[PDB]
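Below: one structure, written as structure tokens.
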Ligand SMILES: [Mg+2]
Ligand SMILES: [Mg+2]
């Protein structure tokens, strides 16, 4: 299983050297799959399924590029929204949640940041609403075990015979290991030196890039 | 039920007042007085009770805030207000800190005599519309390059009431950076004990003879009680009915508004 941002490419985007020739379980939510795949398993379709099953109608706190994936709100769906994380948009999501009988916040990933310099990801804004509303988000995407399992099922491979490759030490590496996989940390993308000596997560191996992997 | 109000308010010589949600609710064109609160302040000033405003207000400078309130009819001077910006400025000076200011323009004047150039920390306040992704990201990028990252937050409130509904305050954006950077903010303002103590010292009243009146069950009420004061929760401002049955904080009393609090104080307090 291959992470995309920080492994194949960095958005902005630009291919990481050696990664095109070296060649997917992604939390990408700024762009639809079609748009991402054009630029080159994702959380939006898995979210769509969960919404349908529960009669949930989302207020979408998202980037315009992923809106296609969701083609009287009773929950909020928050993604890697970037510039769309205006105060107006955040406040509107907040005010929706604060009027619900049963407030539900669905988050597409919980990454802290990604490399582009370093950029704030969905996670910090997820935490803002959790604190503001006094609720816990449901995370669809990595490191949720159902996300990894769906990606494994798509290729017909069990966890003990699979390896995840990623730049996010907790989200990718820790997450995959928790599901019974092996996992490798790349030193491209969001990687910082401390991630190789992380107090909680010891990757099964550390590699400079996808090519070395 | 509750102990008699006369027991509950016995010995109170001083009053710390929250502003937003207690005197007024902010909004476009200077906000709106809460009914009965202008006259309640007047009645307090006339009494022998000592009065201090203990506010986390950080969207506007004290001069601007005090101007807005005076224009609504309040009897209030800058000398009577304890607010976070000056306390933050003192701390920045004592530690050689130079802040990147994640703030509304209206409070920028408060930091006029601080060097923000070559910033070695971030100060986050109630920034409202200025919580753009760009500004949040810039603050984030400043913190991530620092050897020793320091985040100073002017309050940690979740939300406050405004004319346009409940609004996201400083706290949620504080929590965002804490998560993004992997650090804990230093909170200057309520409910930090030093903040309440500075306000008590300004009026020469000890905590066991003081009462805090506020709309924020954790920040105002829980905070004050943790410093040894009594505290009353108002039902105006950001108050929701679940706040009267809060699992952690049991206010010393609940009142509909400042007017009711003042009726009770002048009836039962010193
Ligand atoms: Mg990645
Ligand atoms: Mg208040």
Could you line up B:208, B:245, B:268 from fewest to most neighbouring Cβ atoms inside 10 Å? B:245, B:208, B:268
Only helices counted: for the protein assembly as shown, with every DSSP H run of 4 or more residues adding -39500 (n - 2.57) and the sum spread over all residues, [θ] at 222 nm is -8500 deg cm²/dmol
Dimensions (Å) - the range B:84-188, Cα atoms, principal axes, largest first: 39, 28, 22
Anisotropy class of the range A:135-213 from Cα gyration tensor, a/c 1.5 cut: oblate
Using only C-alpha atoms and all pairs of different ones, pull out the Kirkwood radius for the protein assembly as shown in Å with one decimal. 24.3
Just need the relative contact order of chain B here, percent rounded to a whole number, with Cα pairs under 8 Å and 6+ apart. 24
If B:114, B:124, A:165 are placed from fewest to most neighbouring beta carbons inside 10 Å, the sequence is B:114, A:165, B:124
Using a 10 Å cut-off on Cβ to Cβ distances, tally the other chain neighbours for every residue of B:177-186 and report the average as a whole number. 4
Please rank B:194, B:178, A:200, fewest neighbouring Cβ atoms within 10 Å first, as an exposure proxy. A:200, B:194, B:178
Taking r as the C-beta separation of residue B:1 and residue B:109 and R0 as 51 Å, the FRET efficiency to the nearest 0.05 is 0.60
Past the 15 angstrom mark, what percentage of all C-alpha to C-alpha distances in the range B:20-116 do you count? 64
Using R₀ = 60 Å, calculate the FRET efficiency as 1/(1 + (r/R₀)^6) where r is the Cβ-Cβ separation of residue A:40 and residue B:226; round to 0.05. 0.65
Nearest 5 is fine: what % of DSSP beta bridges in the range B:73-179 come out antiparallel, could you say? 35
Looking only at the range A:53-84, which residues have a backbone nitrogen under 16 Å from a spot 7 Å from the Cα of residue A:101 in the C-beta direction? A:54-57, A:72-75
dims of chain B, Cα set, principal axes, largest to smallest, nearest Å -> 57, 37, 35
Please check which bits of the range A:5-26 a label hung off residue A:157 would reach, taking the label as a point 7 Å along Cα-to-C-beta and the cut-off as backbone N under 11 Å. A:24-25
What distance in nm separates the two pseudo spin-label positions at residue B:186 and residue A:22, each 7 Å out from Cα along the beta-carbon direction? 4.1
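No lab work stands behind these numbers, since they all come straight from the coordinates. Neighbour counts run over all protein chains shown; Cβ positions are idealised from the backbone, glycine included.
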